[PDB]
């Protein structure tokens, strides 16, 4: 185990190193405290949910019930320093009433409201527009089939009713994120009409007013997906236009863009025109592969672009990934800690001074300092943050994962549901 006095010794020296270049490590840690990550429930059970029984990776101890998933999320959050949020999907409804996506009721989420209050977390929401017989040729809200459209519009309206109810009960705004798989596997003839059907369907979904204090909708675009490679009805351009036009949020999923595309470029082109962002941090490996978030160029750029340009007050940060080849609880902790330490590194910079140097076209100073900061003792500040919030330092949280494996995950498959 790392010794707390080792952490304290390293922190005091780091504090002085950063003080010398005009950076306050105490203030940086206070800033990181105020950035909640919205931890996605579906990593815990491979997006099975509880509504439709049996609707990459095979690690033992998949969650199969609300209590198992709740326990798994509690365990992950206990190893993530600070205060965070959880994202639900509609299929994570908890009820003994037989339900379809178009018959869900707000009370079906009382279980998660009660859990969030106990855990001390806010809730965000996602309608479920996939893994259903009413998905017709990969289309839902914008299907050419009006019976398919009507079903999914009913689900869309219900997602808002649920989100409103949850926000009212928790006293914290629910971001209700819309992702639709709608598109074509192969080259379409008509690109226009599907997007006009989508526009009309979304306007119908958001028509009935609900208090902004309780909920607001965000719209998640995508470039391509498996079996839907050639055309995505809900493009990034369509949804940025839709969010600005209809005064809603825009969702940027870091895995959903072109090869070499830097999603950190988008923030400063959106905020002159739009309300707010839901930033889904996700690692794409050559496609929308939904790898666990790690400290890489994309995450460093996303986090430093939000910090440097002061956008955190208008950006809701969520995780989105699904890796079942590794301990599913550890996946959450890796991704959350990677996001936090990346935010903290960005906060541990003399940003005001670097901005003045850049305005003066002192590109020599900017390059030298940004490169030197990558090997400043940011780890010492991160370790101190972990310790101050009663979470294990460095390798030490593997001890907690191994204990959870012995006690829970390695036994669970043989346990009755």
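Positions refer to the first chain, counted from 1.
Cross-entry absence of residue 53, a third or more of other PDB entries: That residue is missing from at least a third of the other compared entries.
Interresidue gap class [residue 55, residue 56; deposited sequence, unmodelled]: Gap between residue 55 and residue 56: 4 to 9 unmodelled residues.
Mean C-alpha temperature factor, higher of 218-226 and 98-106: Result: 98-106.
Mean C-alpha temperature factor, higher of 402-410 and 5-13: Averaged over C-alpha atoms, the B-factors run higher in 5-13.
Maximum C-alpha temperature factor, selected from 276, 255, 234, 133: Result of the comparison over 276, 255, 234, 133: 133.
Of the residues 34, 40, 366, 384, the one carrying the largest Cα B-factor as recorded: Going by the entry's C-alpha B-factors, 34 comes out highest.
Assigned third (lowest, middle, highest) for the C-alpha B factor of residue 370: It belongs to the lowest third of the chain when residues are ordered by C-alpha B-factor.
Third of the chain, ranked by Cα B-factor, where residue 152 sits: Middle third - that is where residue 152 ends up once the chain's C-alpha B-factors are sorted.
Within-chain third of residue 82 by Cα B-factor, per the entry: For residue 82, whose C-alpha B-factor we compare with every modelled residue in the chain, the answer is the middle third.
Ranked C-alpha temperature factor of residue 202 among modelled chain residues, by third: Lowest third - that is where residue 202 ends up once the chain's C-alpha B-factors are sorted.
Ranked C-alpha temperature factor of residue 91 among modelled chain residues, by third: Within its chain, residue 91 is a middle-third residue by C-alpha B-factor, going by the deposited values.
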